[PDB]
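Notes follow once the structure below has been shown.
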Amino acid sequence: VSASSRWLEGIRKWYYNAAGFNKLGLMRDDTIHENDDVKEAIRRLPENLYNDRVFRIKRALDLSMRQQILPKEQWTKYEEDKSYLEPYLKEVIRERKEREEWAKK
Amino acid sequence: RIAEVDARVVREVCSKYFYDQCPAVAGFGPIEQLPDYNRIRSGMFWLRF
Amino acid sequence: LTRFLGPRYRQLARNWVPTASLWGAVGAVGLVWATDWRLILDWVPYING
Amino acid sequence: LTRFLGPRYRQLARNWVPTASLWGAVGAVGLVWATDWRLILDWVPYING
Amino acid sequence: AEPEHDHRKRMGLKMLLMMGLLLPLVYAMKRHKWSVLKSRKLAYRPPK
Amino acid sequence: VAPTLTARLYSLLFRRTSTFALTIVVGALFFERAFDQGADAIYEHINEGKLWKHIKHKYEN
Amino acid sequence: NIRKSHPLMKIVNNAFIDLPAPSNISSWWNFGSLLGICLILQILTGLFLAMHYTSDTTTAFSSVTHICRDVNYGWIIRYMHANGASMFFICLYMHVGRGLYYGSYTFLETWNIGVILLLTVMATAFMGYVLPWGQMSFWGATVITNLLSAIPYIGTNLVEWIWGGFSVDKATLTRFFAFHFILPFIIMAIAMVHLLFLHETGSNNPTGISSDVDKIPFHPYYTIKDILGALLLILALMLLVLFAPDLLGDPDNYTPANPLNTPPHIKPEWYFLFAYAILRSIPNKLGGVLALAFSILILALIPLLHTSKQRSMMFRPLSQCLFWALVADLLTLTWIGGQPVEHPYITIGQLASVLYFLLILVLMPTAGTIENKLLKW
Ligand SMILES: CCCCCCCCCCCCCCCC(=O)OC[C@H](COP(=O)(O)OCCN)OC(=O)CCCCCCCCCCCCCCC
Ligand SMILES: CCCCCCCCCCCCCCCCCC(=O)OC[C@H](COP(=O)(O)OCCN)OC(=O)CCCCCCCCCCCCC
Ligand SMILES: CCCCCCCCCCCCCC(=O)OC[C@H](COP(=O)(O)OCC[N+](C)(C)C)OC(=O)CCCCCCCCCCCCC
Ligand SMILES: CCCCCCCCCCCCCC(=O)OC[C@H](COP(=O)(O)OCC[N+](C)(C)C)OC(=O)CCCCCCCCCCCCC
Ligand code: HEM
Ligand code: HEM
Ligand SMILES: C[C@@]1(c2ccc(Oc3ccccc3)nc2)OC(=O)N(Nc2ccccc2)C1=O
Ligand SMILES: CCCCCC(=O)OC[C@H](COP(=O)([O-])OCCN)OC(=O)CCCCC
Ligand SMILES: CCCCCC(=O)OC[C@H](COP(=O)([O-])OCCN)OC(=O)CCCCC
Ligand SMILES: CCCCCC(=O)OC[C@H](COP(=O)([O-])OCCN)OC(=O)CCCCC
Ligand SMILES: [Cl-]
């Protein structure tokens with residue numbers, strides 16, 4: 001399934017580098033907008049993933065202050081970006097939709 | 001040496017080492033409220049003096 | 001914002017439609033009264049003066 | 001308000017009289033400078049123009 | 001139509017000269033205070 | 001002048017806030033006289049013929 | 001510690017000294033304080049202009065000339081007030097554009113209070129321009145006030161009620177002076193509620209990511225950064241006042257008002273040209289007046305059109321291009337607004353007006369959705 005799949009993934013990797021959050025050492029889930037679903041998922045993160053999220057964001061804000069980026073060696077590789085928050089967020093959303101479905105009857 | 005010390009000696013000796021000098025700060029623990037270094041440095045002089 | 005489409009929410013709207021209808025009469029009469037709206041007040045019996 | 005009459009309070013006043021004297025020079029010069037007080041500035045050497 | 005012409009040009013000259021002084025000095029005050037942050041270094045040492 | 005110039009200015013005038021303020025108010029006094037004097041001399045040099053005070057000699061009375 | 005406990009200084013401390021602020025807010029966050037500096041500049045200069053101004057139609061023109069000719073340094077105060085108003089609109093549009101780019105509109109109360117501040121400053125500056133009673137002053141008052149005549153079934157009554165007569169006249173100028181005096185003080189009060197709601201959350205930053213992990217005190221970092229920016233605001237103002245005081249004005253305004261003749265080349269101030277261009281691209285009277293109002297009131301809808309799962313455009317290239325297509329499109333409408341209603345400017349202004357609303361309503365929300373799919377979420 002290489003022909004058509006790799007072209008789509010090729011455009012996604014293009015956009016990933018164009019977005020440029022990897023240039024500050026960040027991962028995709030570090031950039032999501034914090035709404036109530038996201039605050040709960042972050043709350044549910046285990047100790048290590050929470051502490052890693054804190055330092056990466058702190059390192060990126062420090063760079064943004066200095067208008068700098070990391071050296072190219074330290075950029076977040078597209079293939080190594082871990083969606084550590086997505087599974088927690090999916091459950092938080094699934095729970096809220098259950099409440100909403102019960103609130104309808 | 002202690003008897004030589006009076007209030008003037010303390011004001012002169014302390015100003016020599018404290019007043020408008022850059023301190024070294026070390027913080028450990030829940031230190032979010034630890035003041036910024038500039039604010040600490042500004043605490044080493046008095047605008048009124 | 002699809003979550004407000006359900007049997008409970010349409011029972012809730014049905015309970016509050018008599019009240020909202022009446023607050024429309026309050027505002028309508030209040031607007032006609034405060035502005036001396038001749039287009040409507042010519043039809044009221046005793047007001048005609 | 002007699003409690004401020006004592007040996008410590010007169011040592012404290014003596015420490016701050018050099019500073020208050022200087023803040024009077026700041027205000028005096030600042031008042032003369034801001035108002036272009038000719039009565040005083042005619043005596044300063046280079047200012048005369 | 002513009003009697004203030006000459007006086008405004010004299011003021012304009014003084015404004016440019018003072019700004020040429022005050023802009024780099026005030027800029028220097030900003031960088032002086034901010035240097036604490038601009039040269040700060042971070043390190044992450046989590047337990048393993 | 002073996003001690004640094006900036007070093008001697010600090011010990012004498014900038015250490016205390018009171019003398020740090022006195023040097024400023026006294027500096028603004030002497031700065032105002034010299035700045036206006038030099039600024040006006042430059043505006044007048046560019047416009048040497050044009051100004052009235054350059055023509056007031058014609059109209060003696 | 002006494003900065004924190006005094007009932008009055010605690011408000012000042014928690015707003016300008018110990019306020020936690022992001023460590024990485026760029027120069028685009030300087031325009032908030034510059035808007036307050038501008039508001040304080042206009043109040044001071046404006047107040048000193050009211051000490052030598054008369055709202056009589058027969059002497060309003062002459063009282064302004066009396067300021068610029070006989071009052072000691074009255075001219076410099078006068079042109080600071082006029083150019084300060086233009087600097088006010090420079091800061092407004094940058095303040096707004098900052099919030100659109102970086103997603104600061106997600107503070108709904110602060111944003112919506114902001115839209116109110118924009119409209120009142122617009123109303124204030126419009127009435128201010130009517131006071132000197134030049135040609136553009138009078139016909140500016142004529143055109144803009146007549147916009148209410150487009151309101152069906154009550155429009156002429158609202159217009160004649162506002163005018164105090166069957167046309168703009170002495171009664172209209174005297175009341176516009178009273179409104180222009182008081183409306184800035186209401187703006188200052190609304191600007192405090194603007195800041196009140198902001199401090200609930202603190203500031204956004206260029207990354208759109210929460211900055212609670214890295215906060216710095218407002219003092220001394222942003223006190224000195226705001227001081228530096230103010231000196232640059234004064235530089236921008238004094239360049240206009242001291243080297244080009246008529247560059248942003250219209251020469252016809254130096255002729256007294258004449259109700260009998262309208263100038264042929266109507267050109268508003270530069271800060272209204274983009275919206276003036278939107279209105280005339282619609283020949284229908286009511287349609288063009290509604291499009292004018294909606295070109296500004298659409299800001300209240302921007303929070304509802306946010307589709308991206310990221311707050312700031314820093315990491316959104318497709319949105320960035322559409323954002324700058326909106327700035328260049330607004331720059332086009334400003335250009336078309338300053339040209340007469342003739343070929344090809346009529347068609348260009350129509351296409352730019354469609355592109356303005358097309359970008360905000362359709363293209364930019366769709367770009368944010370494409371970006372989400374490209375990141376697989
Ligand atoms: C009650 C008082 C209310 C004041 C409210 C003011 C609001 C702030 C407006 C800012 C104006 C900028 C300076 C105008 C200069 C001018 O115009 O001065 C013209 C004079 C020459 O004048 P001269 O040639 O007659 O010779 C004078 C007779 N000896 O030299 C200048 O250019 C000095 C200005 C230097 C460049 C600007 C530096 C800006 C510093 C900001 C300080 C602001 C103080 C704030 C006061 C509230
Ligand atoms: C309303 C009527 C208006 C009429 C007047 C129209 C005239 C417009 C004239 C053009 C003005 C151009 C201003 C200068 C823009 C410079 C842009 C720039 O420097 O680059 C983009 C910059 C990139 O920075 P990031 O934050 O993405 O990442 C930084 C990482 N190093 O990202 C940024 O810095 C973007 C910040 C937001 C810029 C604000 C510009 C808004 C212009 C007005 C908008 C009006 C909306 C109603
Ligand atoms: C387009 C134009 C639209 C205008 C249309 C006209 C609208 C007229 C008002 C209608 C709304 C009346 C509702 C109302 O009365 O409630 C507010 C309070 C509570 O009344 P109360 O009797 O205490 O308890 C109500 C219980 N209930 C309903 C079960 C009987 O009742 C009150 O307190 C109201 C009476 C107090 C008057 C004093 C307050 C006014 C400001 C003071 C002015 C005088 C001093 C300067
Ligand atoms: C009757 C008339 C009376 C008037 C007489 C004139 C008085 C002149 C002022 C004298 C007071 C000076 C005291 C002073 O400088 O302290 C305040 C701060 C701190 O200075 P700093 O160097 O940071 O630390 C002082 C430490 N020391 C004393 C040991 C060296 O220093 C400062 O920050 C002051 C310089 C900052 C200028 C910017 C603030 C002004 C408002 C912004 C205007 C420009 C933008 C619109
Ligand atoms: C008289 C007019 C205004 C004044 C004096 C004013 C002042 C301020 C100040 C001081 C801040 C905080 C500092 C800063 O972000 O620069 C701020 C933030 C903000 N303003 Fe305004 N503002 C005005 C009008 C507006 C308008 C018209 C809008 C939008 C339609 C707006 C939207 C915002 C937003 C969203 C923020 C938060 C920015 C952030 O946290 O990144 N403001 N304003
Ligand atoms: C947000 C605040 C303000 C803005 C944006 C503003 C804007 C303007 C503008 C654009 C003009 C036209 C100037 C001209 O055509 O020459 C003007 C005139 C005037 N303004 Fe304001 N103004 C503000 C506040 C005030 C205040 C608070 C006062 C009085 C206390 C005031 C008093 C005057 C007077 C008397 C004039 C007529 C003199 C003249 O035309 O220069 N203004 N204003
Ligand atoms: C200063 C000015 C003004 C102020 C404020 C103002 O608000 C707005 C700014 C942007 C968007 C919406 C409103 N819109 C015009 O008032 C005035 O009469 N004209 N010129 C004029 C001449 C003929 C017709 C119309 C206007 C102006 O440009
Ligand atoms: C008439 C002037 C009254 C004094 C105001 C003043 O200077 O504020 C204090 C600070 C500097 O003192 P500090 O912050 O080092 O704290 C020292 C405490 N020991 O200065 C600033 O940078 C604040 C900016 C104020 C500009 C209006
Ligand atoms: C929103 C502000 C509305 C103020 C308009 C106004 O001046 O009202 C005058 C008319 C007078 O009634 P009319 O029978 O003369 O009719 C004369 C028609 N010109 O009263 C009305 O028609 C009130 C209409 C209220 C609609 C919101
Ligand atoms: C409190 C407000 C004071 C303002 C008074 C004022 O207008 O000052 C003018 C005089 C001018 O100096 P002079 O030598 O012409 O003297 C002329 C005498 N009329 O300057 C002064 O004398 C300043 C005096 C300050 C005392 C507080
Ligand atoms: Cl005029």
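Residues in the structure tokens are numbered from 1 in each chain, the chains being A, B, ... in the order shown, and ligands are numbered from 1 in the order shown.
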Problem set entry | Within 12 Å of chain B: residues of chain F, using only C-alpha atoms, as a PyMOL selection string | chain F and resi 10-11+14-21
For this session: Return as a list in words the residues of protein, DNA or RNA that approach ligand 1 to within 7 Å, with only C-alpha atoms and all ligand atoms taken into account.
Result: residues 7, 10, 11, 12, 14, 15, 16, 18 and 19 of chain E; 36 of chain F; 41, 44, 231, 234 and 238 of chain G
Expected file: the selected residues, N, CA and C atoms, as a PDB file, in the first residue's frame:
ATOM      1  N   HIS E   7       9.624  77.835  13.582  1.00  0.00           N
ATOM      2  CA  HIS E   7       9.787  77.382  14.961  1.00  0.00           C
ATOM      3  C   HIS E   7       9.627  75.870  15.041  1.00  0.00           C
ATOM      4  N   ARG E  10      12.815  74.126  13.970  1.00  0.00           N
ATOM      5  CA  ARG E  10      13.805  74.152  15.044  1.00  0.00           C
ATOM      6  C   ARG E  10      13.501  73.110  16.106  1.00  0.00           C
ATOM      7  N   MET E  11      12.228  72.982  16.476  1.00  0.00           N
ATOM      8  CA  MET E  11      11.816  71.939  17.411  1.00  0.00           C
ATOM      9  C   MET E  11      12.057  70.557  16.822  1.00  0.00           C
ATOM     10  N   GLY E  12      11.733  70.379  15.540  1.00  0.00           N
ATOM     11  CA  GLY E  12      11.968  69.099  14.897  1.00  0.00           C
ATOM     12  C   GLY E  12      13.422  68.675  14.982  1.00  0.00           C
ATOM     13  N   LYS E  14      15.586  69.540  17.382  1.00  0.00           N
ATOM     14  CA  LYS E  14      15.834  69.150  18.766  1.00  0.00           C
ATOM     15  C   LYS E  14      15.200  67.796  19.075  1.00  0.00           C
ATOM     16  N   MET E  15      14.035  67.513  18.484  1.00  0.00           N
ATOM     17  CA  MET E  15      13.371  66.236  18.731  1.00  0.00           C
ATOM     18  C   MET E  15      14.187  65.078  18.170  1.00  0.00           C
ATOM     19  N   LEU E  16      14.751  65.252  16.977  1.00  0.00           N
ATOM     20  CA  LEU E  16      15.567  64.204  16.377  1.00  0.00           C
ATOM     21  C   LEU E  16      16.831  63.950  17.192  1.00  0.00           C
ATOM     22  N   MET E  18      17.418  64.571  20.489  1.00  0.00           N
ATOM     23  CA  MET E  18      17.106  63.917  21.759  1.00  0.00           C
ATOM     24  C   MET E  18      16.702  62.462  21.546  1.00  0.00           C
ATOM     25  N   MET E  19      15.973  62.171  20.463  1.00  0.00           N
ATOM     26  CA  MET E  19      15.568  60.793  20.225  1.00  0.00           C
ATOM     27  C   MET E  19      16.795  59.971  19.881  1.00  0.00           C
TER      28      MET E  19
ATOM     29  N   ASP F  36      20.355  73.544  24.232  1.00  0.00           N
ATOM     30  CA  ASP F  36      19.660  74.595  23.493  1.00  0.00           C
ATOM     31  C   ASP F  36      20.657  75.510  22.791  1.00  0.00           C
TER      32      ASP F  36
ATOM     33  N   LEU G  41      -2.864  60.794  26.002  1.00  0.00           N
ATOM     34  CA  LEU G  41      -2.381  61.913  25.197  1.00  0.00           C
ATOM     35  C   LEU G  41      -3.563  62.723  24.656  1.00  0.00           C
ATOM     36  N   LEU G  44      -5.334  64.886  27.350  1.00  0.00           N
ATOM     37  CA  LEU G  44      -4.592  66.066  27.784  1.00  0.00           C
ATOM     38  C   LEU G  44      -4.591  67.133  26.696  1.00  0.00           C
ATOM     39  N   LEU G 231       8.430  55.594  23.907  1.00  0.00           N
ATOM     40  CA  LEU G 231       9.361  56.512  23.261  1.00  0.00           C
ATOM     41  C   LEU G 231       9.299  56.377  21.740  1.00  0.00           C
ATOM     42  N   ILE G 234       6.080  58.189  20.706  1.00  0.00           N
ATOM     43  CA  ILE G 234       6.324  59.629  20.670  1.00  0.00           C
ATOM     44  C   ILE G 234       7.126  59.996  19.426  1.00  0.00           C
ATOM     45  N   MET G 238       5.747  62.625  16.857  1.00  0.00           N
ATOM     46  CA  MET G 238       6.422  63.907  16.673  1.00  0.00           C
ATOM     47  C   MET G 238       6.987  64.059  15.267  1.00  0.00           C
TER      48      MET G 238
END
Return as a tab-separated table (two decimals) with C-alpha atoms, in the first residue's frame the residues of protein, DNA or RNA that approach ligand 2 to within 9 Å, with only C-alpha atoms and all ligand atoms taken into account.
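Resulting contents of result01.tsv:
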chain	number	residue	atom	x	y	z
A	64	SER	CA	10.37	32.06	21.51
A	66	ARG	CA	14.99	34.71	22.19
A	67	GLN	CA	13.51	34.33	18.67
A	68	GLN	CA	15.67	31.21	18.26
A	69	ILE	CA	15.21	27.57	17.31
G	26	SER	CA	6.62	40.10	21.35
G	27	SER	CA	6.50	43.75	20.32
G	28	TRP	CA	2.93	43.13	19.14
G	89	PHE	CA	-6.10	54.05	14.86
G	90	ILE	CA	-2.65	52.71	13.94
G	92	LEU	CA	-6.08	49.87	17.22
G	93	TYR	CA	-5.59	47.99	13.97
G	94	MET	CA	-2.29	46.46	15.11
G	95	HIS	CA	-3.86	45.52	18.47
G	96	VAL	CA	-6.75	43.86	16.62
G	97	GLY	CA	-4.50	42.21	14.03
G	98	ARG	CA	-2.30	40.87	16.82
G	99	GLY	CA	-5.31	39.22	18.44
G	100	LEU	CA	-6.56	37.72	15.18
G	101	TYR	CA	-3.19	36.23	14.24
G	102	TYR	CA	-2.37	34.80	17.67
G	205	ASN	CA	1.77	34.69	23.90
G	206	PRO	CA	3.10	34.17	20.35
G	207	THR	CA	3.06	30.37	20.58
G	270	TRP	CA	-7.04	57.11	5.92
G	271	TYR	CA	-8.42	55.05	8.83
G	272	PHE	CA	-11.94	54.96	7.32
G	273	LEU	CA	-11.02	54.34	3.68
G	274	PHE	CA	-11.29	50.53	3.77
G	275	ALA	CA	-14.87	50.61	5.10
G	296	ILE	CA	-16.71	45.92	11.57
G	299	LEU	CA	-15.16	40.86	14.61
G	312	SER	CA	-2.04	30.73	17.39
G	313	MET	CA	-1.13	30.91	13.71
G	314	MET	CA	2.60	30.58	14.53
G	315	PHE	CA	2.38	26.87	13.55
G	316	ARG	CA	-0.29	27.28	10.82
G	317	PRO	CA	1.25	28.17	7.42
G	320	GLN	CA	-0.75	32.67	7.72
G	323	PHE	CA	-4.16	36.18	7.15
G	324	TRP	CA	-1.81	38.24	4.97
G	326	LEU	CA	-6.64	39.79	4.42
G	327	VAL	CA	-4.12	42.52	5.26
G	328	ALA	CA	-3.29	43.11	1.60
G	329	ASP	CA	-7.00	42.98	0.78
G	330	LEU	CA	-7.67	45.58	3.49
G	331	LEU	CA	-4.79	47.60	2.06
G	332	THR	CA	-6.53	47.34	-1.32
G	333	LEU	CA	-9.85	48.62	0.05
G	334	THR	CA	-8.02	51.51	1.71
Problem set entry | Test item: residues lying within 8 Å of ligand 10 with only C-alpha atoms and all ligand atoms, as a count of residues only | 8
Exercise. Hey, what does DSSP flag as helix (DSSP H, G or I) within chain C? Can you give it to me as number ranges by chain?
Worked result: C: 2-4, 7-35, 38-41
Go ahead and save the picked residues with N, CA and C atoms, as a compact mmCIF listing (two decimals), in the first residue's frame.
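File produced: result.txt:
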# COMPACT_ATOMS: atom_id res chain seq x y z
N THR C 2 -24.62 20.27 18.82
CA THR C 2 -25.72 19.35 18.58
C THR C 2 -26.31 18.75 19.86
N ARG C 3 -25.61 18.88 20.99
CA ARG C 3 -26.02 18.23 22.24
C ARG C 3 -27.37 18.73 22.76
N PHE C 4 -27.87 19.88 22.29
CA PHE C 4 -29.13 20.41 22.78
C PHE C 4 -30.34 19.95 21.96
N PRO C 7 -35.06 14.68 23.42
CA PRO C 7 -36.41 14.71 24.02
C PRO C 7 -36.52 15.58 25.26
N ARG C 8 -35.50 15.59 26.12
CA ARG C 8 -35.57 16.41 27.32
C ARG C 8 -35.56 17.89 26.96
N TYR C 9 -34.74 18.26 25.97
CA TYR C 9 -34.58 19.67 25.62
C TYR C 9 -35.82 20.21 24.92
N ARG C 10 -36.59 19.35 24.24
CA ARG C 10 -37.85 19.77 23.63
C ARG C 10 -39.02 19.74 24.60
N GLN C 11 -38.90 19.00 25.71
CA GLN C 11 -39.84 19.13 26.81
C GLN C 11 -39.58 20.41 27.60
N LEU C 12 -38.31 20.78 27.71
CA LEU C 12 -37.92 21.99 28.41
C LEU C 12 -38.37 23.22 27.64
N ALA C 13 -38.18 23.22 26.32
CA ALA C 13 -38.66 24.33 25.51
C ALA C 13 -40.18 24.46 25.59
N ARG C 14 -40.90 23.34 25.60
CA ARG C 14 -42.36 23.41 25.69
C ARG C 14 -42.83 23.99 27.02
N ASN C 15 -42.06 23.82 28.10
CA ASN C 15 -42.46 24.39 29.40
C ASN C 15 -42.28 25.90 29.44
N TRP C 16 -41.37 26.44 28.64
CA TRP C 16 -40.98 27.84 28.71
C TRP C 16 -41.54 28.68 27.57
N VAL C 17 -42.22 28.07 26.60
CA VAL C 17 -42.85 28.84 25.52
C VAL C 17 -44.03 29.68 26.01
N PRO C 18 -44.82 29.27 27.01
CA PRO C 18 -45.84 30.20 27.50
C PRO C 18 -45.24 31.43 28.18
N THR C 19 -44.16 31.25 28.93
CA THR C 19 -43.51 32.39 29.58
C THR C 19 -42.86 33.34 28.58
N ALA C 20 -42.11 32.81 27.61
CA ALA C 20 -41.48 33.68 26.61
C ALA C 20 -42.49 34.40 25.73
N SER C 21 -43.64 33.78 25.45
CA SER C 21 -44.70 34.46 24.73
C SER C 21 -45.17 35.68 25.50
N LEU C 22 -45.31 35.55 26.82
CA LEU C 22 -45.80 36.64 27.64
C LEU C 22 -44.75 37.75 27.79
N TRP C 23 -43.47 37.39 27.90
CA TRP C 23 -42.45 38.43 27.93
C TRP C 23 -42.35 39.17 26.60
N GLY C 24 -42.82 38.57 25.51
CA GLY C 24 -42.94 39.30 24.26
C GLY C 24 -44.07 40.29 24.28
N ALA C 25 -45.18 39.94 24.94
CA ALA C 25 -46.27 40.90 25.10
C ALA C 25 -45.85 42.06 25.99
N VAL C 26 -45.05 41.79 27.03
CA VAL C 26 -44.55 42.86 27.89
C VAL C 26 -43.70 43.83 27.08
N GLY C 27 -42.78 43.30 26.27
CA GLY C 27 -41.90 44.16 25.50
C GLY C 27 -42.63 44.87 24.38
N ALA C 28 -43.57 44.18 23.73
CA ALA C 28 -44.32 44.79 22.64
C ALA C 28 -45.18 45.93 23.16
N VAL C 29 -45.96 45.68 24.22
CA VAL C 29 -46.77 46.73 24.81
C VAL C 29 -45.87 47.82 25.38
N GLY C 30 -44.72 47.44 25.94
CA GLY C 30 -43.81 48.43 26.49
C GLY C 30 -43.20 49.31 25.42
N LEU C 31 -42.93 48.74 24.25
CA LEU C 31 -42.39 49.53 23.15
C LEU C 31 -43.45 50.44 22.57
N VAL C 32 -44.66 49.91 22.36
CA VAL C 32 -45.76 50.73 21.86
C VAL C 32 -46.08 51.86 22.84
N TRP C 33 -46.11 51.54 24.13
CA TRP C 33 -46.44 52.55 25.13
C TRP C 33 -45.36 53.62 25.26
N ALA C 34 -44.09 53.21 25.31
CA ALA C 34 -43.02 54.18 25.54
C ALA C 34 -42.83 55.13 24.36
N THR C 35 -43.12 54.68 23.13
CA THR C 35 -42.92 55.50 21.94
C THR C 35 -44.19 56.18 21.45
N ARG C 38 -48.46 55.54 17.19
CA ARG C 38 -49.79 55.86 16.70
C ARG C 38 -50.35 54.76 15.79
N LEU C 39 -49.48 54.01 15.12
CA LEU C 39 -49.94 52.98 14.20
C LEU C 39 -50.76 51.90 14.90
N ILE C 40 -50.40 51.56 16.14
CA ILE C 40 -51.11 50.57 16.93
C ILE C 40 -52.14 51.20 17.87
N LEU C 41 -51.83 52.36 18.45
CA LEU C 41 -52.70 52.93 19.48
C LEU C 41 -53.99 53.54 18.94
For this session: Please identify every polymer residue within 12 Å of ligand 11, using only C-alpha atoms and all ligand atoms, and present the set as a ChimeraX atom specification.
Result: /E:1-2 /G:53,59-69,75,78-79,82,129-137,246,249-257
Seminar exercise, completed: Atom pair atom CA of residue 47 of chain G + atom 42 (N, counted along the ligand's line) of ligand 6, distance 6.6 Å
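Candidate residues E:43, E:27, E:6, E:32 were compared for distance to chain G, and the nearest is E:27, using only C-alpha atoms.
Minimum distance to chain E across G:120, G:1, G:223, G:146 (counting only C-alpha atoms) occurs at G:223.
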Chain B residues near chain E within 10 Å, closest pair each, using only C-alpha atoms, as a tab-separated table:
residue	atom	partner	partner_atom	distance
B:36	CA	E:36	CA	9.2
B:37	CA	E:36	CA	7.5
B:38	CA	E:33	CA	7.0
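Coordinates place atom 2 (C, counted along the ligand's line) of ligand 8 at a distance of 28.6 Å from atom CA of residue 186 of chain G.
As for atom CA of residue 38 of chain G and atom 40 (C, counted along the ligand's line) of ligand 4, they are spaced 15.9 Å apart.
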For this session: Please determine the contact residues of chain G with respect to chain E at a cut-off of 7 Å, counting only C-alpha atoms, and supply them as a PyMOL selection string.
Result: chain G and resi 221+224-225+228+242-243
Write the residues of the preceding selection, restricted to N, CA, C and O atoms, as an mmCIF file, in the first residue's frame.
data_model
loop_
_atom_site.group_PDB
_atom_site.id
_atom_site.type_symbol
_atom_site.label_atom_id
_atom_site.label_comp_id
_atom_site.auth_asym_id
_atom_site.auth_seq_id
_atom_site.Cartn_x
_atom_site.Cartn_y
_atom_site.Cartn_z
ATOM 1 N N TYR G 221 10.482 43.873 33.754
ATOM 2 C CA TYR G 221 10.677 43.393 32.389
ATOM 3 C C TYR G 221 9.791 44.145 31.404
ATOM 4 O O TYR G 221 10.277 44.638 30.379
ATOM 5 N N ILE G 224 9.897 48.365 31.513
ATOM 6 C CA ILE G 224 10.905 49.015 30.673
ATOM 7 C C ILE G 224 10.632 48.753 29.197
ATOM 8 O O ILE G 224 10.908 49.615 28.352
ATOM 9 N N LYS G 225 10.093 47.584 28.858
ATOM 10 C CA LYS G 225 9.743 47.332 27.467
ATOM 11 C C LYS G 225 8.599 48.239 27.025
ATOM 12 O O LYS G 225 8.578 48.713 25.881
ATOM 13 N N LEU G 228 10.122 51.784 26.551
ATOM 14 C CA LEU G 228 10.796 51.877 25.259
ATOM 15 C C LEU G 228 9.793 52.033 24.121
ATOM 16 O O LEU G 228 9.984 52.859 23.223
ATOM 17 N N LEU G 242 5.911 67.546 13.813
ATOM 18 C CA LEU G 242 7.014 68.490 13.654
ATOM 19 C C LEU G 242 7.615 68.528 12.257
ATOM 20 O O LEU G 242 8.476 69.377 12.010
ATOM 21 N N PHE G 243 7.228 67.620 11.363
ATOM 22 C CA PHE G 243 7.745 67.611 9.999
ATOM 23 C C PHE G 243 6.684 67.462 8.925
ATOM 24 O O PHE G 243 6.978 67.779 7.768
#
